[PDB]
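Protein chains in written order, with the authors' numbering: chain B, 68 to 90; chain D, 68 to 90; chain C, 63 to 201; chain A, 46 to 54, 63 to 201.
Built from N, CA and C at the ideal position, the CB exists for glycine as well.
Working notes, structure below.
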Amino acid sequence: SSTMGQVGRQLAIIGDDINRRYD
Amino acid sequence: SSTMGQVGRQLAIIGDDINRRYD
Amino acid sequence: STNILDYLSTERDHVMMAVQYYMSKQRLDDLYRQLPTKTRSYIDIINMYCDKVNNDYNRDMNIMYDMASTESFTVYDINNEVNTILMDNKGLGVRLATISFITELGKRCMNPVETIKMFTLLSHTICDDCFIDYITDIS
Amino acid sequence: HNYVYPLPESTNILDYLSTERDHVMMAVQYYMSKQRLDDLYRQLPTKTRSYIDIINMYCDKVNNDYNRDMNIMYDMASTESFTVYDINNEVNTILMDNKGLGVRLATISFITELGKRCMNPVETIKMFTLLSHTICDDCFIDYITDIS
Ligand SMILES: [Cl-]
Ligand SMILES: [Cl-]
């Protein structure tokens, strides 16, 4: 779950930037 | 499986007709 | 049930369908984008030959479907039958006819996973040595 | 044409197109898949097509705006072997305590990327089918039906 946890945090980071720019 | 056998023969029948019409 | 509208009930089903189609459309485009000239010309060959078979035998194709639609069958039931018939029959016709028929089954089937299983499994069975010989020779 | 071994219970395409058998198989499988996919879209209601248009717009933007990140995440993932259930479980845990639209659009873009990198047709569609359920939670469908 270590390597998968990184991918998870990364998706959330992308997501937060999306929510900030688009809407 | 009996119906599967019927489907099989049709493919061969159709196939044999394709071969004949071509060539 | 074989109609797509029957499965698109709730809003969720509509969005899931959209998402699933996006992923599958994106992949299939990206795949074709990377295919060499060789593969692309083999796709054109199968397009022409099998579409002609679809038309020239639209009746027999629907007959064969109604035959199979009689009782429920698995991906292995169909793959094994085709395997048996191609073992003894070595003509190009039966192979073109099978691709068309399996392609039609895939359109009626409403299960994406089971459909791709069939395509994957059957494409192996069909593409035996004699078939490849035909396709590479008509180039 | 002996017996057939049942299905289970590198991402360079050219590593799968060496022999003539590979080429012809690739052609046949693409034919079947393209035929099905065109016939599917042809039958999709006007409503589904508009949801596709929306997802096309947003996720194509993410793909191009966060291309480097999609590649990074792919590397983070393929550093060790992982199952479809692993990535699905991970996506599930995030969407649980994260109700933003962005993370969902990002996930669609990422899973789509894994799809393109995967060379196993069956496991790919399995992933698409499974993850699409996970992504389209109540929070997500609410976002999509409001933009439509
Ligand atoms: Cl198009
Ligand atoms: Cl097209």
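8 Å Cβ cutoff, residue i in contact with chain C
i	result
A/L158	no
A/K114	no
A/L148	no
A/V49	yes
A/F193	yes
A/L70	yes
Assigned secondary structure, residue i (DSSP; H/G/I helix, E/B strand, else coil)
i	result
A/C171	coil
A/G153	coil
C/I200	coil
C/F135	coil
A/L70	coil
A/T146	helix
A/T64	coil
C/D190	coil
A/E166	helix
A/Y127	helix
C/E176	helix
A/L52	coil
C/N141	helix
CB contact below 8 Å: residue i versus chain B
i	result
A/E176	no
A/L90	no
A/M129	yes
A/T99	no
A/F181	no
9 Å Cβ cut-off: residues of chain B touching residue i
i	result
A/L167	Going along chain B, no residue has its Cβ under 9 Å from A/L167, so there is no contact; the nearest lies around 10 Å.
A/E143	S68, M71, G72, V74, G75 and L78
Residue-chain proximity (residue i, chain D), Cβ-Cβ < 8 Å
i	result
C/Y119	yes
C/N151	yes
C/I161	no
Beta-carbon neighbours of residue i, restricted to chain A and to distances below 8 Å
i	result
C/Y104	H76, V77, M79 and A80
Span of the alpha helix (DSSP H) around residue i
i	result
A/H76	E73 to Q96
residue 63 of chain B	This structure leaves residue 63 of chain B out entirely; chain B is present only between 68 and 90.
C/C112	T99 to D118
Beta-carbon neighbours of residue i, restricted to chain C and to distances below 8 Å
i	result
A/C189	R74, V77, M78 and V81
Neighbour list for residue i in chain B, Cβ cutoff strictly below 7 Å
i	result
A/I140	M71
Residues that residue i contacts on chain B, provided the C-beta gap is smaller than 8 Å
i	result
A/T132	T70
A/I125	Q77
9 Å Cβ cut-off: residues of chain C touching residue i
i	result
A/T198	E73, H76 and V77
A/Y94	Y83 and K87
Partners in chain D for residue i, counting only beta-carbon separations shorter than 7 Å
i	result
C/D122	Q77 and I81
CB contact check: residue i to chain A, cutoff 8 Å
i	result
C/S185	yes
C/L154	no
Ligand 4 heavy atom lying under 7 Å from the CB of residue i
i	result
A/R74	Absence of ligand 4 is noted for the structure shown, with ligand 1 and ligand 2 being the only ligands found.
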